[PDB]
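See below for structure-v3.cif, which holds mmCIF, C-alpha atoms and all ligand atoms.
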data_upload
loop_
_atom_site.group_PDB
_atom_site.id
_atom_site.type_symbol
_atom_site.label_atom_id
_atom_site.label_comp_id
_atom_site.auth_asym_id
_atom_site.auth_seq_id
_atom_site.Cartn_x
_atom_site.Cartn_y
_atom_site.Cartn_z
ATOM 1 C CA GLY A 18 -5.538 -19.577 4.845
ATOM 2 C CA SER A 19 -8.023 -16.728 4.467
ATOM 3 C CA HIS A 20 -9.855 -15.398 1.429
ATOM 4 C CA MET A 21 -8.656 -11.920 2.419
ATOM 5 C CA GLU A 22 -5.024 -12.993 2.177
ATOM 6 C CA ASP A 23 -5.385 -14.304 -1.384
ATOM 7 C CA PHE A 24 -7.323 -11.181 -2.376
ATOM 8 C CA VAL A 25 -4.552 -8.885 -1.110
ATOM 9 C CA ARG A 26 -1.922 -10.811 -3.101
ATOM 10 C CA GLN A 27 -3.844 -10.478 -6.331
ATOM 11 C CA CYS A 28 -5.106 -6.949 -5.671
ATOM 12 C CA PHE A 29 -1.773 -5.208 -4.907
ATOM 13 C CA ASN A 30 1.579 -4.989 -6.631
ATOM 14 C CA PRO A 31 4.215 -7.562 -5.578
ATOM 15 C CA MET A 32 6.695 -4.921 -4.382
ATOM 16 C CA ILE A 33 3.929 -3.429 -2.219
ATOM 17 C CA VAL A 34 2.878 -6.819 -0.795
ATOM 18 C CA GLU A 35 6.458 -7.654 0.148
ATOM 19 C CA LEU A 36 7.217 -4.307 1.804
ATOM 20 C CA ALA A 37 4.021 -4.552 3.856
ATOM 21 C CA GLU A 38 4.747 -8.174 4.810
ATOM 22 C CA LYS A 39 8.205 -7.135 6.013
ATOM 23 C CA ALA A 40 6.719 -4.178 7.934
ATOM 24 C CA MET A 41 4.202 -6.378 9.782
ATOM 25 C CA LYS A 42 6.776 -8.999 10.715
ATOM 26 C CA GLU A 43 9.330 -6.383 11.805
ATOM 27 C CA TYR A 44 6.773 -5.253 14.414
ATOM 28 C CA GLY A 45 5.548 -8.737 15.321
ATOM 29 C CA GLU A 46 2.267 -9.057 13.366
ATOM 30 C CA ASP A 47 1.566 -12.151 11.206
ATOM 31 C CA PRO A 48 0.008 -11.308 7.785
ATOM 32 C CA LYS A 49 -1.634 -14.707 7.376
ATOM 33 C CA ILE A 50 -3.527 -14.138 10.656
ATOM 34 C CA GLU A 51 -3.924 -10.350 10.917
ATOM 35 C CA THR A 52 -5.353 -10.247 7.418
ATOM 36 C CA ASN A 53 -7.268 -6.953 7.719
ATOM 37 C CA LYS A 54 -4.060 -5.281 8.906
ATOM 38 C CA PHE A 55 -2.412 -6.927 5.873
ATOM 39 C CA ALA A 56 -4.952 -5.282 3.565
ATOM 40 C CA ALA A 57 -4.613 -1.927 5.354
ATOM 41 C CA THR A 58 -0.809 -1.692 5.242
ATOM 42 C CA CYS A 59 -0.794 -2.566 1.539
ATOM 43 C CA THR A 60 -3.421 0.117 0.937
ATOM 44 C CA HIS A 61 -1.559 2.735 2.972
ATOM 45 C CA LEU A 62 1.693 1.908 1.189
ATOM 46 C CA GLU A 63 0.115 2.192 -2.265
ATOM 47 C CA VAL A 64 -1.375 5.575 -1.324
ATOM 48 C CA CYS A 65 2.002 6.798 -0.048
ATOM 49 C CA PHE A 66 3.679 5.763 -3.319
ATOM 50 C CA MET A 67 0.919 7.315 -5.474
ATOM 51 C CA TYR A 68 1.162 10.506 -3.400
ATOM 52 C CA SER A 69 4.929 10.843 -3.831
ATOM 53 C CA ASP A 70 4.444 10.437 -7.590
ATOM 54 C CA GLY A 71 1.933 13.308 -7.512
ATOM 55 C CA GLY A 72 4.331 16.258 -7.617
ATOM 56 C CA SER A 73 7.441 17.159 -9.573
ATOM 57 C CA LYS A 74 10.538 14.978 -9.924
ATOM 58 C CA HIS A 75 12.434 15.377 -6.650
ATOM 59 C CA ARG A 76 9.646 16.775 -4.510
ATOM 60 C CA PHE A 77 9.172 14.037 -1.921
ATOM 61 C CA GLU A 78 11.413 11.844 0.162
ATOM 62 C CA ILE A 79 9.676 8.544 0.979
ATOM 63 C CA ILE A 80 10.133 7.456 4.606
ATOM 64 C CA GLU A 81 7.432 4.759 4.614
ATOM 65 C CA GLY A 82 8.432 1.385 3.190
ATOM 66 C CA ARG A 83 11.808 1.303 4.922
ATOM 67 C CA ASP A 84 12.978 -0.628 7.937
ATOM 68 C CA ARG A 85 12.850 1.265 11.239
ATOM 69 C CA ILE A 86 16.576 2.115 11.305
ATOM 70 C CA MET A 87 16.864 3.452 7.768
ATOM 71 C CA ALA A 88 13.668 5.474 8.013
ATOM 72 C CA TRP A 89 15.017 7.210 11.119
ATOM 73 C CA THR A 90 18.386 7.614 9.361
ATOM 74 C CA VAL A 91 16.779 9.519 6.477
ATOM 75 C CA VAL A 92 14.761 11.620 8.932
ATOM 76 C CA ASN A 93 17.905 12.595 10.812
ATOM 77 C CA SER A 94 19.535 13.566 7.506
ATOM 78 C CA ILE A 95 16.525 15.623 6.476
ATOM 79 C CA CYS A 96 16.481 17.378 9.864
ATOM 80 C CA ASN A 97 20.233 18.104 10.070
ATOM 81 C CA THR A 98 20.014 19.614 6.544
ATOM 82 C CA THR A 99 16.646 21.441 6.612
ATOM 83 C CA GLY A 100 16.605 22.825 10.122
ATOM 84 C CA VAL A 101 13.172 21.234 10.624
ATOM 85 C CA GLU A 102 12.495 19.808 14.091
ATOM 86 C CA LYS A 103 12.902 16.026 14.581
ATOM 87 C CA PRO A 104 9.452 14.359 14.779
ATOM 88 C CA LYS A 105 8.645 12.328 17.862
ATOM 89 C CA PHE A 106 7.110 9.685 15.579
ATOM 90 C CA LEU A 107 7.949 8.358 12.140
ATOM 91 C CA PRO A 108 6.160 10.234 9.326
ATOM 92 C CA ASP A 109 5.545 8.872 5.788
ATOM 93 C CA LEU A 110 7.053 11.540 3.501
ATOM 94 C CA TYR A 111 9.119 14.690 3.408
ATOM 95 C CA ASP A 112 8.092 17.552 1.127
ATOM 96 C CA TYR A 113 11.195 19.338 -0.179
ATOM 97 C CA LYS A 114 8.991 22.062 -1.712
ATOM 98 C CA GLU A 115 7.002 22.977 1.427
ATOM 99 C CA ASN A 116 9.803 21.804 3.777
ATOM 100 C CA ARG A 117 7.712 19.603 6.068
ATOM 101 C CA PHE A 118 7.046 16.004 6.963
ATOM 102 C CA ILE A 119 3.718 14.443 5.977
ATOM 103 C CA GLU A 120 1.702 11.817 7.815
ATOM 104 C CA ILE A 121 -0.672 10.082 5.403
ATOM 105 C CA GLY A 122 -3.810 8.486 6.843
ATOM 106 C CA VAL A 123 -6.235 6.008 5.296
ATOM 107 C CA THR A 124 -9.363 5.354 7.322
ATOM 108 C CA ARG A 125 -12.624 3.441 7.026
ATOM 109 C CA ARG A 126 -14.350 5.876 9.418
ATOM 110 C CA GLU A 127 -15.278 9.510 9.027
ATOM 111 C CA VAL A 128 -12.093 11.387 8.259
ATOM 112 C CA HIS A 129 -12.694 13.850 11.106
ATOM 113 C CA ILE A 130 -12.328 11.265 13.885
ATOM 114 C CA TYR A 131 -9.143 9.796 12.447
ATOM 115 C CA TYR A 132 -7.557 13.211 11.954
ATOM 116 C CA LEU A 133 -8.277 14.168 15.576
ATOM 117 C CA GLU A 134 -6.507 11.034 16.795
ATOM 118 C CA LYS A 135 -3.505 11.480 14.509
ATOM 119 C CA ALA A 136 -3.388 15.171 15.465
ATOM 120 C CA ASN A 137 -3.651 14.441 19.195
ATOM 121 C CA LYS A 138 -1.058 11.660 19.029
ATOM 122 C CA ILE A 139 1.237 13.495 16.579
ATOM 123 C CA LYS A 140 2.390 15.849 19.366
ATOM 124 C CA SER A 141 4.641 17.454 16.727
ATOM 125 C CA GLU A 142 2.324 20.094 15.268
ATOM 126 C CA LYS A 143 5.180 20.509 12.756
ATOM 127 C CA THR A 144 4.111 17.496 10.688
ATOM 128 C CA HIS A 145 1.469 17.989 8.009
ATOM 129 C CA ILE A 146 -1.439 15.501 8.170
ATOM 130 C CA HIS A 147 -3.345 14.319 5.058
ATOM 131 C CA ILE A 148 -6.220 11.855 5.653
ATOM 132 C CA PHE A 149 -7.902 9.918 2.856
ATOM 133 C CA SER A 150 -11.012 7.795 3.247
ATOM 134 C CA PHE A 151 -12.456 4.917 1.239
ATOM 135 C CA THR A 152 -15.533 7.067 0.486
ATOM 136 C CA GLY A 153 -13.669 9.901 -1.226
ATOM 137 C CA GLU A 154 -13.341 12.395 1.592
ATOM 138 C CA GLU A 155 -9.951 13.895 2.378
ATOM 139 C CA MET A 156 -8.830 16.336 5.051
ATOM 140 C CA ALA A 157 -5.483 18.081 5.444
ATOM 141 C CA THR A 158 -3.756 20.371 7.921
ATOM 142 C CA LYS A 159 -4.627 24.045 7.414
ATOM 143 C CA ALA A 160 -6.818 22.985 4.457
ATOM 144 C CA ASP A 161 -3.545 22.711 2.482
ATOM 145 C CA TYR A 162 -3.759 19.600 0.330
ATOM 146 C CA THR A 163 -0.144 19.735 -1.009
ATOM 147 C CA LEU A 164 -0.942 18.108 -4.379
ATOM 148 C CA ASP A 165 -3.322 19.369 -7.011
ATOM 149 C CA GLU A 166 -6.809 17.991 -7.501
ATOM 150 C CA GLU A 167 -6.097 15.449 -10.253
ATOM 151 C CA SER A 168 -3.369 13.588 -8.361
ATOM 152 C CA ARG A 169 -5.600 13.478 -5.293
ATOM 153 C CA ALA A 170 -8.562 12.315 -7.420
ATOM 154 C CA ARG A 171 -6.697 9.279 -8.772
ATOM 155 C CA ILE A 172 -5.793 8.259 -5.206
ATOM 156 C CA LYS A 173 -9.489 8.492 -4.247
ATOM 157 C CA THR A 174 -10.539 6.504 -7.322
ATOM 158 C CA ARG A 175 -8.166 3.708 -6.395
ATOM 159 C CA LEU A 176 -9.385 3.628 -2.785
ATOM 160 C CA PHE A 177 -12.967 3.250 -3.992
ATOM 161 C CA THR A 178 -11.907 0.466 -6.373
ATOM 162 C CA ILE A 179 -10.314 -1.500 -3.525
ATOM 163 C CA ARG A 180 -13.541 -1.116 -1.563
ATOM 164 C CA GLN A 181 -15.681 -2.409 -4.430
ATOM 165 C CA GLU A 182 -13.343 -5.338 -5.054
ATOM 166 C CA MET A 183 -13.575 -6.308 -1.389
ATOM 167 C CA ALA A 184 -17.349 -5.880 -1.419
ATOM 168 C CA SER A 185 -17.770 -8.173 -4.435
ATOM 169 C CA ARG A 186 -16.039 -10.833 -2.308
ATOM 170 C CA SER A 187 -17.923 -10.177 0.983
ATOM 171 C CA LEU A 188 -14.695 -9.017 2.675
ATOM 172 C CA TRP A 189 -15.645 -5.344 2.998
ATOM 173 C CA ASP A 190 -17.967 -5.759 5.992
ATOM 174 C CA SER A 191 -15.313 -7.594 8.006
ATOM 175 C CA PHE A 192 -12.699 -5.050 6.885
ATOM 176 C CA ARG A 193 -14.793 -1.999 7.831
ATOM 177 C CA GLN A 194 -15.971 -3.522 11.151
ATOM 178 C CA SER A 195 -12.313 -4.035 12.176
ATOM 179 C CA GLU A 196 -10.564 -0.611 12.137
HETATM 180 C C1 LIG B 201 5.283 1.108 11.958
HETATM 181 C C2 LIG B 201 5.045 2.565 11.575
HETATM 182 N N1 LIG B 201 3.617 2.779 11.399
HETATM 183 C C3 LIG B 201 2.523 2.081 12.363
HETATM 184 N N2 LIG B 201 1.394 1.782 11.788
HETATM 185 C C4 LIG B 201 1.506 0.793 10.890
HETATM 186 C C5 LIG B 201 1.973 -0.676 11.328
HETATM 187 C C6 LIG B 201 3.012 -1.364 10.668
HETATM 188 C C7 LIG B 201 3.385 -2.647 11.062
HETATM 189 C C8 LIG B 201 2.719 -3.281 12.117
HETATM 190 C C9 LIG B 201 1.682 -2.624 12.774
HETATM 191 C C10 LIG B 201 1.319 -1.322 12.372
HETATM 192 C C11 LIG B 201 0.162 -0.563 13.050
HETATM 193 S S1 LIG B 201 -1.203 -0.609 11.866
HETATM 194 C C12 LIG B 201 -0.982 0.111 10.206
HETATM 195 C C13 LIG B 201 -2.035 0.080 9.276
HETATM 196 C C14 LIG B 201 -1.937 0.625 7.992
HETATM 197 C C15 LIG B 201 -0.736 1.217 7.608
HETATM 198 C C16 LIG B 201 0.329 1.248 8.512
HETATM 199 C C17 LIG B 201 0.246 0.712 9.819
HETATM 200 N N3 LIG B 201 0.748 2.942 11.071
HETATM 201 C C18 LIG B 201 -0.746 3.240 10.998
HETATM 202 C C19 LIG B 201 -1.217 4.395 10.171
HETATM 203 C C20 LIG B 201 -0.268 5.233 9.450
HETATM 204 O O1 LIG B 201 -0.689 6.153 8.827
HETATM 205 C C21 LIG B 201 1.177 4.952 9.532
HETATM 206 O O2 LIG B 201 2.129 5.753 8.871
HETATM 207 C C22 LIG B 201 1.664 3.732 10.379
HETATM 208 C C23 LIG B 201 3.137 3.517 10.475
HETATM 209 O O3 LIG B 201 3.886 4.094 9.766
HETATM 210 C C24 LIG B 201 5.565 3.483 12.690
HETATM 211 F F1 LIG B 201 5.210 4.782 12.467
HETATM 212 F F2 LIG B 201 5.047 3.103 13.888
HETATM 213 F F3 LIG B 201 6.923 3.393 12.745
HETATM 214 MN MN MN B 202 4.033 5.426 8.235
HETATM 215 MN MN MN B 203 0.718 7.047 7.643
#
Output the file's structure as structure tokens, nothing else.
Amino acid sequence: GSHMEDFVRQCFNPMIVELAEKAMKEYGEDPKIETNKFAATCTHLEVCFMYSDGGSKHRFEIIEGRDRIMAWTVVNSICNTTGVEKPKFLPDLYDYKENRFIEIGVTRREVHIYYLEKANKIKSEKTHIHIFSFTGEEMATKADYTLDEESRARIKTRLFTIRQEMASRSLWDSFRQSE
């Protein structure tokens, strides 16, 4: 029973905790043991939800936070309706305005390294990549940041709050030295 586990449950919203718990277990990871991965999936989920709330009403389809089968179901429906190519790997969102899938990244390292890896692994150049860091840097494909500055700023504020809350509990060092 780790301190990090109790912190995650009081730091994040209960719907977000439960969706992340079900994601871990679906893919074989235990949240009471892999507690840094527990904190990271919650964080990534919250960012995805904040992001999809950043535009107008019907702008984004949310692919993250579903079980494997339904996420791929919604992707197939988006593809066979948009004409957009079917990604090799599950993205997080679909942008009905710009007509493209989005992969959202949250990293504790310099955003450049993490984008390279997601780019290299993405294979599908099709998919737009948006990286956020816990220090306030962001980095997006073709310098196109999709949302306007204020919706991106609130995401960065929340990321820095999570980092401070961890740091006040001595969990940040273990969290950063674990990515
Ligand atoms: C399962 C889906 N994953 C994998 N993996 C994911 C995950 C989920 C459950 C168990 C292990 C892991 C690897 S660790 C991690 C850490 C933070 C946030 C998400 C995650 N991702 C890492 C970064 C992302 O940006 C992202 O979108 C995912 C993601 O969506 C997939 F694409 F493979 F179908
Ligand atoms: Mn995802
Ligand atoms: Mn992602």
**Message:** At a cut-off of 6 Å and counting all atoms listed in the file, what residues surround ligand LIG 201 (chain B)? Please answer as a ChimeraX atom specification.
**Reply:** /A:40-41,44,46,54,57-58,61,107,109,121-122
**Request:** Residues within 10 Å of ligand MN 203 (chain B), counting all atoms listed in the file: report them as a ChimeraX atom specification.
**Result:** /A:58,61-62,64-65,80-81,107-110,119-123,135,146-148
Expected file: the selected residues, C-alpha atoms, as a CSV table (one decimal), keeping the file's coordinate frame:
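This went into selection-v2.csv:
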chain,number,residue,atom,x,y,z
A,58,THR,CA,-0.8,-1.7,5.2
A,61,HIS,CA,-1.6,2.7,3.0
A,62,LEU,CA,1.7,1.9,1.2
A,64,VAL,CA,-1.4,5.6,-1.3
A,65,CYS,CA,2.0,6.8,0.0
A,80,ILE,CA,10.1,7.5,4.6
A,81,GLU,CA,7.4,4.8,4.6
A,107,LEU,CA,7.9,8.4,12.1
A,108,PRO,CA,6.2,10.2,9.3
A,109,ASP,CA,5.5,8.9,5.8
A,110,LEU,CA,7.1,11.5,3.5
A,119,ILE,CA,3.7,14.4,6.0
A,120,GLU,CA,1.7,11.8,7.8
A,121,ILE,CA,-0.7,10.1,5.4
A,122,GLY,CA,-3.8,8.5,6.8
A,123,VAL,CA,-6.2,6.0,5.3
A,135,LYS,CA,-3.5,11.5,14.5
A,146,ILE,CA,-1.4,15.5,8.2
A,147,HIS,CA,-3.3,14.3,5.1
A,148,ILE,CA,-6.2,11.9,5.7
What do you get, as a short mmCIF file (atom, residue, chain, number, x, y, z; two decimals) with C-alpha atoms, in the frame of the given file, if you spell out every residue that the PyMOL selection byres (((chain A and resi 165-172) around 7) and not hetatm) selects here?
data_model
loop_
_atom_site.label_atom_id
_atom_site.label_comp_id
_atom_site.auth_asym_id
_atom_site.auth_seq_id
_atom_site.Cartn_x
_atom_site.Cartn_y
_atom_site.Cartn_z
CA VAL A 64 -1.38 5.58 -1.32
CA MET A 67 0.92 7.32 -5.47
CA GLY A 71 1.93 13.31 -7.51
CA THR A 163 -0.14 19.74 -1.01
CA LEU A 164 -0.94 18.11 -4.38
CA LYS A 173 -9.49 8.49 -4.25
CA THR A 174 -10.54 6.50 -7.32
CA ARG A 175 -8.17 3.71 -6.40
CA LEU A 176 -9.38 3.63 -2.78
#
**Asked** Closest to residue 153 of chain A among A:95, A:128, A:59, A:21, using all atoms listed in the file?
**Response** A:128
**Message:** Using all atoms listed in the file for the distances, tell me which of A:38, A:190, A:196, A:182 is nearest to residue 24 of chain A.
**Reply:** A:182
**Request:** Apply the PyMOL selection byres (((chain A and resi 188) around 12) and not hetatm) to the structure shown and report the selected residues as a VMD selection string.
**Result:** chain A and resid 19 to 25 52 to 53 56 179 to 187 189 to 195
**Request:** Could you check which of A:161, A:55, A:37, A:76 is closest to ligand MN 202 (chain B), using all atoms listed in the file?
**Result:**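 Ranking A:161, A:55, A:37, A:76 by distance to ligand MN 202 (chain B), first place goes to A:37.
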Emit as lines of an AutoDock Vina configuration file the padded axis-aligned box for all listed atoms of segment 67-76 of chain A, 8 Å per side, with centre and edge lengths in Å to one decimal.
center_x = 6.7
center_y = 12.2
center_z = -6.7
size_x = 27.5
size_y = 25.8
size_z = 22.5
**Request:** Taking the file as shown, find all residues satisfying the PyMOL selection byres (((chain A and resi 141) around 10) and not hetatm) and write them as a PyMOL selection string.
**Result:** chain A and resi 102-106+136-140+142-145
**Message:** Between atom CA of residue 26 of chain A and atom CA of residue 50 of chain A, what is the distance in Å, rounded to a tenth?
**Reply:**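 Calculated distance between atom CA of residue 26 of chain A and atom CA of residue 50 of chain A is 14.2 Å.
If all atoms listed in the file are the atoms counted, then among A:31, A:82, A:18, A:48 the closest residue to ligand MN 202 (chain B) is A:82.
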**Prompt:** For ligand MN 202 (chain B), which residue among A:178, A:99, A:94, A:60 is the nearest when counting only C-alpha atoms and all ligand atoms?
**Reply:**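 For ligand MN 202 (chain B), the nearest of the candidates is A:60.
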**Request:** Could you tell me how far atom CA of residue 30 of chain A lies from atom CA of residue 90 of chain A, in Å and to one decimal?
**Result:**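 For atom CA of residue 30 of chain A relative to atom CA of residue 90 of chain A, the distance reads 26.4 Å.
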**Message:** What does the structure give for the distance between atom CA of residue 78 of chain A and atom CA of residue 51 of chain A, in Å to one decimal?
**Reply:**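 If I compute the distance from atom CA of residue 78 of chain A to atom CA of residue 51 of chain A, I get 29.0 Å.
Among the candidates A:63, A:127, A:155, A:70, the residue lying nearest to ligand MN 202 (chain B) is A:63 (atoms considered: all atoms listed in the file).
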